[PDB]
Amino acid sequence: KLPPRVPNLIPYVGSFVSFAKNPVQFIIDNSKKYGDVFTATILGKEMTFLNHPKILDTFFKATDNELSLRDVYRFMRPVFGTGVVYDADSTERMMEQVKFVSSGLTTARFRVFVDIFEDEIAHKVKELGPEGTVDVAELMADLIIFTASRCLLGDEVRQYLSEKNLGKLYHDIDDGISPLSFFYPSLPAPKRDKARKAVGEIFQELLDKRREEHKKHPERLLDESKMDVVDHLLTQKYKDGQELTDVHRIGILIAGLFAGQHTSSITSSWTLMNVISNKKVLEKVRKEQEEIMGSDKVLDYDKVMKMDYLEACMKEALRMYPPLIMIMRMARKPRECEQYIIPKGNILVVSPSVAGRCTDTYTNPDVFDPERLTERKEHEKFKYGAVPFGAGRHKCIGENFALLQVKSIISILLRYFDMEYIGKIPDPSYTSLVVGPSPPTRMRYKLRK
């Protein structure tokens, strides 16, 4: 029958307070006591957590009529939009919409992205000057506002960032979503809604500016290097023949940009922080960069694809500090799990944060040691030993773009700057929807040329 239970402190609320204090420790602490599969009530919700790589297969291999994502991620509706992604009428429709994004993430676009990255950092060093100190998380966020927007939407968006305060609107949207929004989706957030409508109107004009741009220059549609997500959204249909609405298009763009930004700036912060405050790691990374760059002065894609150790550094940081700390599904029918029979209506939960520290998989898991991956292969010990991008049917489709964005920015900054971090490396703050480092995150920098 049912699994072991974390015991209600209180009716209805259940264990929400300890869970709230630190959701990762909550799961680890209840693991050590009640075992790899336990149910805890949290603000109304029968939440059943799966805590070991070895039980995960049925979680990742199920169908969406068995384990639903849309039942648990629909709360994102007032960020994304009605009828968009996890609010689509069907999983079939969500999947098509996820593919309109993916279709701007091609090898030919990726070559152009490295250029965009070079260009936005060029502009950013003018602000930073010959030396100074800067907040790591803020810098990465601010760069990726400009780089993600141009990569997915094309160059036209930039003037909205530069002159119509678009970056401020994103923030207003971003702040209006909360871990709590999962438990209470209908919470008022009039600031968020105002901005969401603001961005809605700006992207509608962006669609409209493009639609005549297509008429004036239809060679664009033949140029694989210039085709972005906006292009694909205007020119594709659903498979069954139906037209997209401009409402759906806007929504998909916003959702895509949200995915394009937070996970990446966070991961890029934790990666860069750990790299620059470890002499050995920094040395290996600089060495690789010297080797790949040779006598060229700027990046290209092919270079980025050779940056294997820098990629292991990033992946080490995802093990330790995964930005999505919990992956979840609603059980639309009872689900069997080992001895147990997880009941209908329960929310199955899997944590990449918890996986990253599991002593079965990783020696000395509190050390940033990328050679645990490149030499010891500790991730391979299980199929789901490492799931920072998920796995199976809904595995992240941004993975390659994220690897590209974060490797490029870091390589570029390392080209420009000597950098040192100030103080000990912080803990994750479990304040936000997407978990990043407890501020502040300061470093000094000095130009090298």
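Residue positions are given as counts along the sequence shown, with the first one as 1.
Student: Looking at the deposited entry, does 395 to 403 or 59 to 67 carry the larger mean Cα B-factor?
Tutor: Mean B over CA atoms: larger for 59 to 67.
Student: May I ask you to compare 168 to 176 and 328 to 336 by their mean CA B factor in the entry and name the higher one?
Tutor: Mean CA B-factor is higher for 328 to 336.
Student: For the CA B factor values reported in this entry, which option in 243, 142, 311, 288 has the top one?
Tutor: Largest recorded C-alpha B-factor: 243.
Student: Specify which of 186, 204, 269, 97 carries the largest Cα B factor in the deposited PDB entry.
Tutor: In the PDB entry, the greatest C-alpha B-factor among 186, 204, 269, 97 is found at 186.
Student: Is residue 419 in the lowest, middle or highest third of its chain when residues are ranked by C-alpha B-factor?
Tutor: Middle third of the chain for residue 419's C-alpha B-factor.
Student: By the recorded C-alpha temperature factor, relative to the other modelled residues in its chain, which third is residue 227 in?
Tutor: It belongs to the middle third of the chain when residues are ordered by C-alpha B-factor.
Student: Which third, lowest, middle or highest, does the CA B-factor of residue 345 fall in along this chain?
Tutor: It falls in the top third of the chain.
Student: Classify residue 436 as lowest, middle or highest third according to the C-alpha B-factor given in the PDB entry, relative to its own chain.
Tutor: Bottom third by C-alpha B-factor.
Student: Quick check for you: using the entry's CA B-factors within this chain, is residue 351 in the lowest, middle or highest third?
Tutor: Middle third of the chain for residue 351's C-alpha B-factor.
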